[PDB]
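Following: one structure in structure tokens, then a few remarks.
First chain written, first letter: the chains are A, B, C, D, E, F, G, H, I and J, and each begins at residue 1.
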Amino acid sequence: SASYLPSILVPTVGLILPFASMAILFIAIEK
Amino acid sequence: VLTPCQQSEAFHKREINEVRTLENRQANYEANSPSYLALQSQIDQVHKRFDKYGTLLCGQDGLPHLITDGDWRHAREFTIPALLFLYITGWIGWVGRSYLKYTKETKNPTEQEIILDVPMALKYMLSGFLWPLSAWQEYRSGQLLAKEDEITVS
Amino acid sequence: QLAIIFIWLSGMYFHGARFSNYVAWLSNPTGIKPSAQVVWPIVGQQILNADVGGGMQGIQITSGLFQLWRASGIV
Amino acid sequence: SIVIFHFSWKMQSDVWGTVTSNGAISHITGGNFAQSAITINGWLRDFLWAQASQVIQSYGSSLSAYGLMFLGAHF
Amino acid sequence: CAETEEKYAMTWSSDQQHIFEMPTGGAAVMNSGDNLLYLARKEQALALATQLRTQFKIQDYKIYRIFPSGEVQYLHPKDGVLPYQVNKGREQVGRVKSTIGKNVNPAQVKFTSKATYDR
Amino acid sequence: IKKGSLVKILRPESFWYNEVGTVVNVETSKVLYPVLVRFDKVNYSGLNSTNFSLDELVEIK
Amino acid sequence: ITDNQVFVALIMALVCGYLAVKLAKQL
Amino acid sequence: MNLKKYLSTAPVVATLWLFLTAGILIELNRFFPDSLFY
Amino acid sequence: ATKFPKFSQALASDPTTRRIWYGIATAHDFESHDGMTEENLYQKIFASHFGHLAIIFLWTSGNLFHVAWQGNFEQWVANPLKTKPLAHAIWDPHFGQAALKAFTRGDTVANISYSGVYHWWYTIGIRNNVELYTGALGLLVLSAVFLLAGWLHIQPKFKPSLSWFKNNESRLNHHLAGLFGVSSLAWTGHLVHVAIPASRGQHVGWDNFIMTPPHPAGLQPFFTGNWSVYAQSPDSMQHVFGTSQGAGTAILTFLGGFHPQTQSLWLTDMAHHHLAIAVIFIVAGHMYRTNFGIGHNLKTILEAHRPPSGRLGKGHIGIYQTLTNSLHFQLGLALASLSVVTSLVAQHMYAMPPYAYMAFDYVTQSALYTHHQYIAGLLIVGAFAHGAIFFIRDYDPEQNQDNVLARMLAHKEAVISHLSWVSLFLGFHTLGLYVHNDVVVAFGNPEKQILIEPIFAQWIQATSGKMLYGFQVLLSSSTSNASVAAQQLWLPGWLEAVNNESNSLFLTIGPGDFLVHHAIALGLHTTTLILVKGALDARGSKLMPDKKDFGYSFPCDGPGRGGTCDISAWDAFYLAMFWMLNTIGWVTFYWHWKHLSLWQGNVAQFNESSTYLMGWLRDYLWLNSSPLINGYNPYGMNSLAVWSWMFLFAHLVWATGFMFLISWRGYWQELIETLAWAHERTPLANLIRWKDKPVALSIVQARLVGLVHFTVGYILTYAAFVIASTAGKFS
Amino acid sequence: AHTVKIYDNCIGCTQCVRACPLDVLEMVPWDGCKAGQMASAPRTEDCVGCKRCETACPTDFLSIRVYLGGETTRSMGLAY
């Protein structure tokens, strides 16, 4: 049981994925 | 199982509990207080209340249930005020229909509905007493109904 | 409008007169809860007549009329 | 609604209530405002859940007409 | 703004210095001889045309639509007469042959780039 | 046909569809909807006074 | 309950993610 | 003269009938209270 | 195309923020795009179905992965009654210290899993975490397969013909035989080979199933019809589930009833069950013709059903055209049947609880019911909403010349008059009887109440053998025809399950059954009054008969002709969502206050205090929110602080709905202008100017987003209360 | 644009043009009615779609029926 993987995966999907998804979708308004 | 209510235990438990509970306020007054006489009348209206529910069916709850099958032993429970009620709003409905087919053919049907013509109103109020065999005989003439009234697209 | 208000205050003074326990309330106000309106005895609702003291029951005032009558000096 | 929900709960915690022997103090909720008004679960629980309990258990008594004008007003 | 949106400059004349109400709001000075009036959108302008015309005479009036390229337009009137009055120059567009009762059902229009009334 | 005749409609978007109505005016100058018919009851515009063509002109006797 | 099976899972849903974005920019 | 026309309108006769049948219910529930039979 | 909505240029021209919201909300309306033709629609939905099923199996592989990796599943298998089953773990960086001690169930701080998934995976026979990893990989594989098909059937050489989608004639022959019969028969291939031996102790993995038969003798002397051998040795009484002890070895015994110990259905009953349903569905698959041509042409199957009585139109002439060439009729029947299936499933997950040690965890049984009920009501409302989409954007009354649907639009005034009648009858006769009982109970008198025994449901329980009533009819009478007719087969194992009171099969009944079931029929007939109203006046009303022209969810007709707030066929969805949440509200409130009276034991607390409304608000909502609303104190907190925080949260959602539902647009359309002046005029920020222009939400959207916060607040509030309540009175 | 269509019920009573505060509607002499008039909507590029015309359209049912079409800057009526 890798007890360290949510310490990486929970923030990188919880906050930084709705940064780059805001960039991909919001610039994809104009792309 | 619906026990007959005059012998059910929790029923008479509610008898002792409500006569005693309402009786607890009755010792707050003297022998000739008006409130004390009022709670005398209220205790009378509880013993009469529980004796007049004798032939009902209170189950394990101690509360008198009803039956709506038309078993003819439960006819005073449901079906006698059922036929009674249907007579009363068949009265009301036939009065209102008969008055609208009055004011439909008058001078100005708009002013007829604000100001009810209490002559012709109280004509139809009382004349609509026998609506089964008067509404039924106006149904056999093909006149209770209508045909080819308003509708939308199809 | 003032006619409806004088009917209203004449109503409060009459419900204070005939129906209230204000005369008994004037004796011990901290024990007797103020009541004017004495509910007519129909099915059940006679239980709304709260035994608030004063020897006579009825539903309890919250409008505070008895305090304005003790202030105004109505005996 | 939140003016009177400030009034009827700060003054059931900080003003009203009774006094006992030796001038000792007793509020109705018992000082239960500043530890409980700061949240909403303290507000809804400790005010609207707890102060309702004398409106809700009011059946069979003279307070039951408020138990009818409570549900009918929710209606 | 004025560098990218169509400003509407309403030009009109009068006879006496009256006082009207702006669509932006409040009372306006209303120069008596001749006065232009920049606005923001057309309903303000023809609402001002109703504001003055239904009160009194303000004719020889029309907004010159300042589109941001620089030049003007002219709409109310175009042939010089009031629109609900009838002039013999206007060509009607926007009709069909009958009521809505003969308009086509939209399952006959489905998967086609048509209207529910052109037939 | 004539003025005063009691006329049922056969157009589905008439508000008074399959309801009789009285004829007020008929013009004989090839107007597409010449037969002005008003009614007892009232549509949602507040207005009983409408007009129709000749195909939707069905009288009673 | 183990370690490398979790990595096998995240690789297989990384491939599944590439097939999802492969479905994304064609419809 | 025209007061009886006002006493023939909709809300006034609505109160003089629902007041009356209201009195039928209340006067029929003082004389025979707790009536679940029949 | 070139703008945001890469599919319709009528919205890309709009420089406001309408292009965003309508660009999102019309992304899936494939019937109304710019140039998406008939073949290009079906070739898109056939790929997006693959994307959707890929999302289902990514979801189930998610549950397999978290139970495989963070749950306590096999620790729960060791002790099914004691240990509370864990969901996935937590990584909050917001839990300071005091919340971290409010979750410790083992080394992880995981959520208690309130979804019944360990019970289903424990009746399946997964007794490991390893099998859950192989299953989770086994559904990442399947989700990747469906995504690869979704890429595959949008590559242009493989995008199929529209006649292949109009091979409606054969989709039923393949679905009913294959998708139902073969998958169900294979599901007996899992029950017989896994769920029978792994419940009888025998751990039979993938390694040894091709060696150890589920019967000790099998299939070489068994094409002879000696089928009592397979149902020969039933597991009778003295068995604890999972173990090998106290158990027989028969495969397809139909005992009927429950386990005595785990209160679940027998897996022999289920193996025989899906085996029978498998055979009957395979028989159903051989129904219609194909390229072989032995079966039924569907055009002959509908047109021939025309009565010579002549009352029912010119028969079904046209209906086969307007199901193939239409879609929202087919989708309407699809959501209709799925919705009745979901409501049926909720009406049997509690009633005949299939899974071991359910009706023992009292929260997951209360989560599954309310789950499938709100999903059930959602799917009915969708079936009617695509009913109205069918009558607007899909209906042709010329191929339906005086057809059955045209007959339906003809007499629709009687249908709406009578749904309005029966709704008006029930709403004066639940609220009549509840305000009667509430007034009467309020005046110190529970006796003067109107209580009517619901005799008809008690009589039906007497036809299924509930002998606690004293009717003594077909199954409650042991001397009848049917009571003897299955005396050996499945009756005496089942009347133990009927006449027991602790189990949740054919519940004991007072007048709360009567009054509530009238309130539920009130909820149904009102909701179908809205839906059949705005699904048959969807096409044309006498206010405006142009409603077919403006599409489905146009906003209004303006203030003309009296005013026209919400005339569209989207008001059927819009209002029937509020009545849907009301009705499923009353259903699950009623169920939940029934089983909180069974599980606590005081059913007399229900039957005496549920026929008046302060019985509900007092005895259920005020009392049973006590462990909810104590979810965190100024003294501290516990494990239910998430459900009380979600509780207050969802009151905030449910009340932000009312900002959109009540207070409509033009307030905000003349207030966003003030904000836009305030940003255009301010310094240091008028540089930062918008590109999409700030515009208040149009009232097709406004009532939608108020509806969405109404549902999210409603459903999250009640999922907070079910789980916090039953998790507070127990565990 | 918000497509305004004016059908052949238009008996030319001109409450439509007087009711439109945008002058999308004008009257056209059309020899098919008693007034000889039938309304026209040439300038639907400025058409808001507020349906103030359809309120004041005293025909049988709405000779002038406004269909809500495109949404430009002018047709959305935004000030800025």
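The working rule: contacts are C-beta pairs under 8 Å (C-beta built on N, C-alpha and C of every residue); 3 or more make two chains touch, one makes a residue touch a chain.
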Subject >> Number of steps on the shortest touching-chain route linking subunit B and subunit J >> reply: 2
Original post:
Taking each chain's centre as the average of its Cα atoms, which chain lies closest to the overall Cα centroid?
Top reply: I
Original post:
With respect to inter-chain C-beta contacts, which pair, B-I or E-I, contains the greater number?
Top reply: B-I
Original post:
From the C-alpha centre of subunit C to that of subunit J, how far is it in Å?
Top reply: 66
Original post:
Between subunit G and subunit H, what is the gap in Å from one C-alpha centre to the other?
Top reply: 77
Original post:
How far is the middle of subunit A from the middle of subunit I, if each middle is the mean of its Cα atoms, in Å?
Top reply: 31
**OP:** Can you tell me which residues of subunit H touch two or more of the remaining chains?
**Re:** 33-34, 36
**OP:** Scan subunit E for residues touching two or more other chains and write them down.
**Re:** 1, 99-101, 116-117
Original post:
At which residue positions does subunit J touch at least two other chains?
Top reply: 8-9, 57, 60-62, 65, 67, 73, 78-80
Original post:
What does subunit I use to touch subunit G in their complex?
Top reply: 44, 47-48, 51, 54, 58, 61, 65, 68-69, 129-130, 133, 136-137, 140-141, 143-144, 147-148, 150-151, 154
Original post:
Which positions of subunit B touch subunit H when the two form their complex?
Top reply: 45, 48-49, 52-53, 55-56, 64, 76-77, 80-81, 113-118, 121
Subject >> Residues of subunit I that touch subunit C when the two form their complex >> reply: 439-440, 442-445, 448
Subject >> Touch list for subunit G against partner subunit A, complex >> reply: 1-3, 6
Original post:
Okay, in this complex, where on subunit D does subunit C touch?
Top reply: 60-65
